[PDB]
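Right, one structure below, let's go through it.
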Amino acid sequence: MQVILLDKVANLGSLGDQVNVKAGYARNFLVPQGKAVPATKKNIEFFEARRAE
Amino acid sequence: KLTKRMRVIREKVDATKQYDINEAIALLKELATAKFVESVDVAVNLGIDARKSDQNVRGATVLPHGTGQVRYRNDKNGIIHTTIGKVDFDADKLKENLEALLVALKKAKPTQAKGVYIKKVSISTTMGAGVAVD
Amino acid sequence: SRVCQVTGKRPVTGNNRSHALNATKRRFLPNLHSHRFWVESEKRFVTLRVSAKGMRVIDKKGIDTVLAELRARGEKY
RNA sequence: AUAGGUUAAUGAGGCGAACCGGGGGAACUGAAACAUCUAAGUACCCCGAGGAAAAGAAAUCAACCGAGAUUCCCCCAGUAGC
RNA sequence: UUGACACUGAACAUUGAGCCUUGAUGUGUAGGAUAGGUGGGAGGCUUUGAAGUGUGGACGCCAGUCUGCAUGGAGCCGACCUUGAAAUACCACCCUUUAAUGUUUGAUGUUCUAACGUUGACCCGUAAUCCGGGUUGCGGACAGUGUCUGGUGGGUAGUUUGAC
């Protein structure tokens, strides 16, 4: 699903790169451990200036 | 023996990127910095099958500017190496040149037609670069 | 009871037609799966028996927005 | 921190002729046998509700003219169709 | 009971394909030419240090071109003639076949853990071998379950099995 990074994590992380990973991978590993951010409309806006720049 | 000269000229275009013809006609006048009157070697690719003899196009292209006639026929793989004039010709003389080949071929479009005609255009100016437009 | 706790899906009956059109009553079961959903607001996992489609409703609306309706209906977990 | 535990507050529970909405759902029979089909979503079963209940203000029809939520009644027609 | 999809993930390697740029690759008869092909049209090149040529990648229809550091050094070719075309003198599109890359899914291998399973241990809700929750170990994207689907199926059901 559409998810935006929060951490480093290799091969798919660069702190702020929207990746289309697999659902199970996002919902059971990246989201619960905070490794990523649920890429919903407002969270996309919450990143660009607050924790991106 | 491709070295610095043609490569600096190739820095103007990209083999992957497809531009518009309005850019290539002004860029080819900057592509050829040669000391002799050259031209452009365009290898336009067809949109139908050139194996079936009933559909192949062979004839003459109308160039109202002046040369004003260029004989063009299809190739083995299915292209036409029709020139679009000398490099010394100006912008609008080349703008109206490629449009002349377009509608002349579009209204003389063959019987068992299957789709829009012009798909790939391979503009290759004499001493210029490898340009890719539609 | 085989009921999706977020949508309201349940086994709806049907007909198991043969080639010769023999109507024999059958039953379409939802693809339910007990899953633990990590709620960050409560900083706690919430095991819920939901359908595969229900999971996709969660991925779209948001787990907390979904649980808003559950306490609104009393679908106590 | 929650799960949990105790007490207070408010409501519910059950019965009931049919009618109403919904969840399930026959066979006999007809077909001159019988399996598609019919019987019939009827019988029966379960839940909920009111005094009526349900539906209900068009992402509806019509027809290039117009009508304007739903429900019930009489035709349309045993026709168009299946 | 079989396979597909769903719950269902991650890397790593190998292996098919696609794709980006790409160096190569492409002898009719002719031939200085391993001219693919069409090929616009006669100068490239360069003193951001060259050919000849040793060896080598290379291709190897073995008729050969290209040529990685290169002492060498400032030139190395042409167009053109014997070609149905004119040529790695400069030459694109980049394709038939190659190879590399980023990427993209497919199928196999190997490991991992975080979904999922745990009728393993332990603590608590509690004076309960229920259940739930928490720790932890073990398995682990298998297993198992839903939808579709081929096979099997007298286990079960509805029925037929003519008249003379």
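Residues in the structure tokens are named by chain (A, B, ... in the order shown) and by number from 1 within that chain; ligands are numbered from 1 in the order shown.
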
In chain A, DSSP helix (DSSP H, G or I) residues written as a ChimeraX atom specification: /A:23-30,41-48

Which of chain A fall in strand (DSSP E), as a list in words: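 DSSP on the backbone gives strand (DSSP E) at residues 2, 3, 4, 5, 18, 19, 20, 36, 37 and 38 of chain A.
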
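For residue 50 (chain C), the list of residues within 6 Å, based on only C-alpha atoms (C1' of nucleotides) and with local chain neighbours fewer than 3 positions off taken out, reads residues 4, 5, 32, 33 and 54 of chain C.
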
Under the rule of at most 9 Å, produce a per-residue listing of chain B near chain E: chain, number, name, the closest pair of atoms, and the distance in Å, as CSV, using only C-alpha atoms (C1' of nucleotides).
```
residue,atom,partner,partner_atom,distance
B:1,CA,E:88,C1',7.3
B:2,CA,E:90,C1',8.2
B:6,CA,E:90,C1',8.2
B:15,CA,E:21,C1',8.1
B:16,CA,E:20,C1',7.5
B:34,CA,E:43,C1',8.5
B:35,CA,E:43,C1',8.0
B:36,CA,E:42,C1',8.1
B:37,CA,E:41,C1',8.2
B:38,CA,E:41,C1',5.8
B:39,CA,E:40,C1',5.6
B:40,CA,E:40,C1',5.4
B:41,CA,E:40,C1',4.4
B:42,CA,E:40,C1',8.2
B:43,CA,E:93,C1',6.7
B:44,CA,E:93,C1',8.8
B:75,CA,E:38,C1',6.3
B:76,CA,E:37,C1',7.6
B:77,CA,E:37,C1',7.6
B:79,CA,E:38,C1',7.7
B:80,CA,E:38,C1',7.6
B:81,CA,E:38,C1',6.7
B:83,CA,E:40,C1',7.2
B:121,CA,E:93,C1',8.1
B:122,CA,E:93,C1',5.2
B:123,CA,E:92,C1',7.2
B:124,CA,E:92,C1',4.4
B:125,CA,E:40,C1',6.7
B:126,CA,E:40,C1',5.1
B:127,CA,E:90,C1',6.3
B:128,CA,E:91,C1',8.4
B:129,CA,E:92,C1',6.6
B:130,CA,E:92,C1',4.6
B:131,CA,E:92,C1',7.2
B:132,CA,E:93,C1',8.2
```

Restricting it to N, CA, C and O atoms, dump the selection as a CSV table (one decimal), in the first residue's frame.
```
chain,number,residue,atom,x,y,z
B,1,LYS,N,35.0,5.6,-33.9
B,1,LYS,CA,35.8,6.7,-33.4
B,1,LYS,C,35.0,7.9,-32.9
B,1,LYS,O,35.2,9.0,-33.3
B,2,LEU,N,33.9,7.6,-32.2
B,2,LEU,CA,33.1,8.7,-31.7
B,2,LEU,C,33.8,9.4,-30.5
B,2,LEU,O,34.0,8.7,-29.4
B,6,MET,N,30.9,15.1,-31.5
B,6,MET,CA,29.6,14.7,-31.7
B,6,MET,C,28.8,14.5,-30.3
B,6,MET,O,27.6,14.6,-30.3
B,15,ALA,N,18.8,9.9,-26.1
B,15,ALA,CA,18.3,8.8,-26.9
B,15,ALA,C,16.9,8.2,-26.3
B,15,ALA,O,16.1,7.6,-27.1
B,16,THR,N,16.7,8.4,-25.0
B,16,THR,CA,15.5,7.9,-24.4
B,16,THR,C,14.3,8.9,-24.5
B,16,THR,O,13.2,8.5,-24.8
B,34,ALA,N,29.1,22.2,-39.2
B,34,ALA,CA,30.0,21.8,-40.3
B,34,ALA,C,30.2,22.9,-41.3
B,34,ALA,O,29.3,23.7,-41.5
B,35,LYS,N,31.3,22.8,-42.0
B,35,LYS,CA,31.6,23.7,-43.1
B,35,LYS,C,31.2,23.4,-44.5
B,35,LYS,O,31.7,23.9,-45.5
B,36,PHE,N,30.1,22.6,-44.6
B,36,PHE,CA,29.5,22.2,-45.9
B,36,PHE,C,28.0,22.0,-45.8
B,36,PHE,O,27.5,21.6,-44.7
B,37,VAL,N,27.3,22.4,-46.9
B,37,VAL,CA,25.9,22.3,-46.9
B,37,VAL,C,25.3,20.9,-46.7
B,37,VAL,O,25.3,20.1,-47.7
B,38,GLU,N,24.8,20.6,-45.5
B,38,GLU,CA,24.3,19.3,-45.2
B,38,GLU,C,22.8,19.3,-45.2
B,38,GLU,O,22.1,20.2,-45.7
B,39,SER,N,22.2,18.2,-44.6
B,39,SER,CA,20.8,18.1,-44.5
B,39,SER,C,20.4,17.2,-43.3
B,39,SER,O,21.3,16.8,-42.5
B,40,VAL,N,19.2,16.8,-43.2
B,40,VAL,CA,18.7,15.9,-42.1
B,40,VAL,C,18.2,14.6,-42.7
B,40,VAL,O,17.5,14.5,-43.7
B,41,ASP,N,18.7,13.5,-42.1
B,41,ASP,CA,18.3,12.1,-42.5
B,41,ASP,C,17.3,11.5,-41.6
B,41,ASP,O,17.6,10.9,-40.6
B,42,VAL,N,16.0,11.7,-41.9
B,42,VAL,CA,14.9,11.2,-41.1
B,42,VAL,C,14.4,9.8,-41.5
B,42,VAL,O,14.0,9.6,-42.6
B,43,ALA,N,14.4,8.9,-40.5
B,43,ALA,CA,14.0,7.5,-40.7
B,43,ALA,C,12.6,7.3,-40.0
B,43,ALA,O,12.6,6.7,-39.0
B,44,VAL,N,11.6,7.8,-40.7
B,44,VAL,CA,10.2,7.6,-40.1
B,44,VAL,C,9.7,6.2,-40.2
B,44,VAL,O,9.7,5.6,-41.3
B,75,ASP,N,11.2,1.1,-47.0
B,75,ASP,CA,12.4,0.3,-46.8
B,75,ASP,C,12.1,-1.2,-46.5
B,75,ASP,O,10.9,-1.5,-46.4
B,76,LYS,N,13.1,-2.0,-46.3
B,76,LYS,CA,12.9,-3.4,-46.0
B,76,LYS,C,12.3,-3.6,-44.7
B,76,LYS,O,11.3,-4.4,-44.5
B,77,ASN,N,12.8,-3.0,-43.6
B,77,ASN,CA,12.3,-3.2,-42.3
B,77,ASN,C,11.0,-2.4,-42.0
B,77,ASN,O,10.2,-2.6,-41.1
B,79,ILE,N,10.6,1.5,-42.9
B,79,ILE,CA,10.8,2.9,-42.7
B,79,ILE,C,11.0,3.7,-44.0
B,79,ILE,O,11.1,3.1,-45.0
B,80,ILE,N,11.1,5.0,-43.9
B,80,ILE,CA,11.3,5.9,-45.0
B,80,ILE,C,12.4,6.9,-44.7
B,80,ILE,O,12.2,7.7,-43.7
B,81,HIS,N,13.5,6.9,-45.4
B,81,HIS,CA,14.6,7.9,-45.1
B,81,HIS,C,14.4,9.2,-46.0
B,81,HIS,O,15.2,9.5,-46.8
B,83,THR,N,14.3,13.1,-46.4
B,83,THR,CA,15.0,14.3,-45.8
B,83,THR,C,14.0,15.4,-45.6
B,83,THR,O,12.9,15.5,-46.3
B,121,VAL,N,9.6,8.5,-35.1
B,121,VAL,CA,10.3,9.3,-36.1
B,121,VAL,C,11.8,9.4,-35.6
B,121,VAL,O,12.1,9.8,-34.5
B,122,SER,N,12.7,9.0,-36.5
B,122,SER,CA,14.1,9.0,-36.2
B,122,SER,C,14.9,10.1,-37.0
B,122,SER,O,15.5,9.8,-38.0
B,123,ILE,N,14.9,11.3,-36.4
B,123,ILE,CA,15.6,12.4,-37.0
B,123,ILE,C,17.1,12.3,-36.7
B,123,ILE,O,17.5,12.2,-35.5
B,124,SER,N,17.9,12.2,-37.8
B,124,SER,CA,19.4,12.1,-37.6
B,124,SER,C,20.1,13.1,-38.5
B,124,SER,O,20.3,12.7,-39.7
B,125,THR,N,20.4,14.2,-38.0
B,125,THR,CA,21.1,15.2,-38.8
B,125,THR,C,22.5,14.8,-39.1
B,125,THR,O,23.2,14.2,-38.3
B,126,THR,N,23.0,15.1,-40.3
B,126,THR,CA,24.3,14.8,-40.8
B,126,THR,C,25.4,14.8,-39.7
B,126,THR,O,25.7,13.8,-39.2
B,127,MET,N,25.9,16.0,-39.5
B,127,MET,CA,26.9,16.1,-38.4
B,127,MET,C,26.3,16.8,-37.2
B,127,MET,O,26.8,17.8,-36.7
B,128,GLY,N,25.3,16.1,-36.6
B,128,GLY,CA,24.7,16.6,-35.4
B,128,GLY,C,24.7,15.6,-34.3
B,128,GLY,O,25.7,15.2,-33.8
B,129,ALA,N,23.5,15.1,-33.9
B,129,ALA,CA,23.3,14.1,-32.9
B,129,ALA,C,22.2,13.1,-33.1
B,129,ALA,O,21.6,13.1,-34.2
B,130,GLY,N,22.0,12.3,-32.2
B,130,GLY,CA,20.9,11.3,-32.3
B,130,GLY,C,19.6,11.8,-31.7
B,130,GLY,O,19.4,11.6,-30.4
B,131,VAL,N,18.8,12.3,-32.5
B,131,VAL,CA,17.5,12.9,-32.0
B,131,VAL,C,16.3,12.0,-32.1
B,131,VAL,O,16.2,11.2,-33.1
B,132,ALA,N,15.4,12.0,-31.1
B,132,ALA,CA,14.2,11.2,-31.1
B,132,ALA,C,13.0,12.0,-30.8
B,132,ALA,O,12.8,12.6,-29.7
```

Residue 51 (chain E) surroundings by only C-alpha atoms (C1' of nucleotides), 9 Å radius, close-in-sequence under 3 positions cut, as a VMD selection string: chain E and resid 72 75 to 76

Close residues, residue 30 (chain A) itself excluded, 10 Å, only C-alpha atoms (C1' of nucleotides), min 5 positions apart in chain, as a ChimeraX atom specification: /A:3,5-7,9,21,24-25,35-38 /E:114

Output file for the selection above: C-alpha atoms (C1' of nucleotides), as a PDB file, in the first residue's frame:
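Below is the file that was written, again-v7.pdb:
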```
ATOM      1  CA  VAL A   3       3.122   4.358   2.839  1.00  0.00           C
ATOM      2  CA  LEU A   5       8.796   6.428   5.647  1.00  0.00           C
ATOM      3  CA  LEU A   6       9.616   7.546   9.197  1.00  0.00           C
ATOM      4  CA  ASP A   7      12.920   5.697   9.656  1.00  0.00           C
ATOM      5  CA  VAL A   9      15.318   0.699   6.898  1.00  0.00           C
ATOM      6  CA  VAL A  21       5.230  -2.029  -0.353  1.00  0.00           C
ATOM      7  CA  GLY A  24       1.171  -7.402   5.051  1.00  0.00           C
ATOM      8  CA  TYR A  25       4.659  -5.899   5.179  1.00  0.00           C
ATOM      9  CA  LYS A  35       9.140   2.349  11.047  1.00  0.00           C
ATOM     10  CA  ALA A  36       6.725   4.094   8.663  1.00  0.00           C
ATOM     11  CA  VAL A  37       3.772   6.493   8.626  1.00  0.00           C
ATOM     12  CA  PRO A  38       0.248   5.619   7.372  1.00  0.00           C
TER      13      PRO A  38
ATOM     14  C1'   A E 114       6.796  -9.566  12.458  1.00  0.00           C
TER      15        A E 114
END
```

Chain C residues near chain D (10 Å cut-off, only C-alpha atoms (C1' of nucleotides)) as a PyMOL selection string: chain C and resi 12-13+20-23+25+42-44

Please produce, as a Markdown table, a per-residue contact table for chain E versus chain A (criterion: any atom at most 12 Å away, only C-alpha atoms (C1' of nucleotides) considered), showing the nearest atom pair and its distance in Å to one decimal, sorted by chain then residue number.
```
| residue | atom | partner | partner_atom | distance |
| --- | --- | --- | --- | --- |
| E:6 | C1' | A:24 | CA | 11.9 |
| E:7 | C1' | A:24 | CA | 9.2 |
| E:8 | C1' | A:24 | CA | 6.4 |
| E:9 | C1' | A:25 | CA | 4.9 |
| E:10 | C1' | A:25 | CA | 7.7 |
| E:11 | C1' | A:11 | CA | 9.4 |
| E:113 | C1' | A:29 | CA | 9.6 |
| E:114 | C1' | A:29 | CA | 5.3 |
| E:115 | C1' | A:28 | CA | 6.0 |
| E:116 | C1' | A:28 | CA | 11.3 |
| E:141 | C1' | A:24 | CA | 10.5 |
```

Residues of region 100-121 of chain B within 10 Å of region 57-71 of chain B: nearest atom pair and distance (Å, one decimal) for each, counting only C-alpha atoms, sorted by chain and number, as a Markdown table?
```
| residue | atom | partner | partner_atom | distance |
| --- | --- | --- | --- | --- |
| B:100 | CA | B:62 | CA | 6.6 |
| B:101 | CA | B:61 | CA | 6.3 |
| B:102 | CA | B:61 | CA | 9.6 |
| B:104 | CA | B:61 | CA | 7.2 |
| B:105 | CA | B:61 | CA | 8.2 |
| B:108 | CA | B:57 | CA | 8.5 |
| B:109 | CA | B:57 | CA | 8.2 |
| B:110 | CA | B:57 | CA | 7.5 |
```

Spatial neighbours of residue 33 (chain E), 12 Å, only C-alpha atoms (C1' of nucleotides), chain gap at least 6 places, as a PDB file with C-alpha atoms (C1' of nucleotides), in the first residue's frame:
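Listing of part_1.pdb after writing:
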```pdb
ATOM      1  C1'   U E  27      30.911 -12.893 -45.581  1.00  0.00           C
ATOM      2  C1'   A E  63      37.601 -13.835 -46.130  1.00  0.00           C
ATOM      3  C1'   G E  64      38.643 -10.953 -39.695  1.00  0.00           C
ATOM      4  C1'   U E  65      37.471  -5.922 -37.518  1.00  0.00           C
ATOM      5  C1'   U E  83      28.500  -3.014 -55.226  1.00  0.00           C
ATOM      6  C1'   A E  86      27.504   3.116 -50.241  1.00  0.00           C
ATOM      7  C1'   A E  87      30.226   2.281 -46.218  1.00  0.00           C
ATOM      8  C1'   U E  88      32.593   1.837 -37.892  1.00  0.00           C
TER       9        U E  88
END
```

Residues of chain C within 10 Å of chain A, counting only C-alpha atoms, as a list in words: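 Therefore, the residues near the partner are residues 36, 37, 38, 39, 40, 43, 44, 45, 55, 56, 59, 60, 61 and 62 of chain C.
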
Selection above as a file: N, CA, C and O atoms, as a short mmCIF file (atom, residue, chain, number, x, y, z; two decimals), in the first residue's frame:
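Final output, saved to again.cif:
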```
data_model
loop_
_atom_site.label_atom_id
_atom_site.label_comp_id
_atom_site.auth_asym_id
_atom_site.auth_seq_id
_atom_site.Cartn_x
_atom_site.Cartn_y
_atom_site.Cartn_z
N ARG C 36 -4.79 -9.43 15.04
CA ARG C 36 -4.44 -8.46 16.08
C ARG C 36 -4.06 -7.15 15.40
O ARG C 36 -3.08 -7.09 14.66
N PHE C 37 -4.83 -6.11 15.66
CA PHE C 37 -4.56 -4.81 15.07
C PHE C 37 -3.97 -3.85 16.08
O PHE C 37 -4.59 -3.53 17.10
N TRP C 38 -2.76 -3.38 15.78
CA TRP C 38 -2.07 -2.46 16.66
C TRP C 38 -2.65 -1.05 16.61
O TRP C 38 -2.53 -0.34 15.61
N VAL C 39 -3.30 -0.66 17.71
CA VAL C 39 -3.87 0.67 17.84
C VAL C 39 -2.82 1.51 18.55
O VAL C 39 -2.39 1.18 19.66
N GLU C 40 -2.38 2.59 17.90
CA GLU C 40 -1.36 3.45 18.48
C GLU C 40 -1.93 4.41 19.52
O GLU C 40 -1.24 4.76 20.49
N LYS C 43 -2.14 2.58 22.23
CA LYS C 43 -0.82 1.96 22.30
C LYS C 43 -0.99 0.49 22.65
O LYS C 43 -0.23 -0.06 23.46
N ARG C 44 -1.97 -0.15 22.02
CA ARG C 44 -2.25 -1.53 22.32
C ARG C 44 -2.83 -2.30 21.14
O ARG C 44 -3.53 -1.74 20.29
N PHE C 45 -2.53 -3.59 21.10
CA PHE C 45 -3.03 -4.47 20.05
C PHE C 45 -4.50 -4.75 20.36
O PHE C 45 -4.92 -4.73 21.52
N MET C 55 -10.34 -5.89 6.36
CA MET C 55 -8.99 -5.42 6.61
C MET C 55 -8.71 -4.25 5.68
O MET C 55 -8.10 -3.25 6.09
N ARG C 56 -9.17 -4.36 4.44
CA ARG C 56 -8.97 -3.30 3.47
C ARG C 56 -9.78 -2.05 3.81
O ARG C 56 -9.46 -0.95 3.35
N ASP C 59 -7.50 -0.37 6.23
CA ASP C 59 -6.36 0.26 5.58
C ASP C 59 -6.73 1.56 4.89
O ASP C 59 -5.87 2.39 4.60
N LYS C 60 -8.02 1.75 4.64
CA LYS C 60 -8.50 2.95 3.97
C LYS C 60 -9.01 4.04 4.92
O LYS C 60 -8.62 5.20 4.81
N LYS C 61 -9.88 3.65 5.84
CA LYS C 61 -10.46 4.60 6.79
C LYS C 61 -9.52 4.96 7.94
O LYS C 61 -9.42 6.12 8.34
N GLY C 62 -8.85 3.95 8.48
CA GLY C 62 -7.96 4.16 9.61
C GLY C 62 -8.52 3.35 10.75
O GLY C 62 -9.72 3.42 11.04
#
```

Who sits within 10 Å of region 71-75 of chain D, only C-alpha atoms (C1' of nucleotides), same chain under 3 positions skipped, as a PyMOL selection string: chain D and resi 54-56

Among listed residues B:22, B:97, B:74, B:45, nearest residue 117 (chain B) (using only C-alpha atoms):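 Of all the options, B:45 lies closest to residue 117 (chain B).
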
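Restricting the calculation to only C-alpha atoms (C1' of nucleotides), the smallest distance between chain E and any of C:52, C:8, C:16, C:3 is found for C:52.
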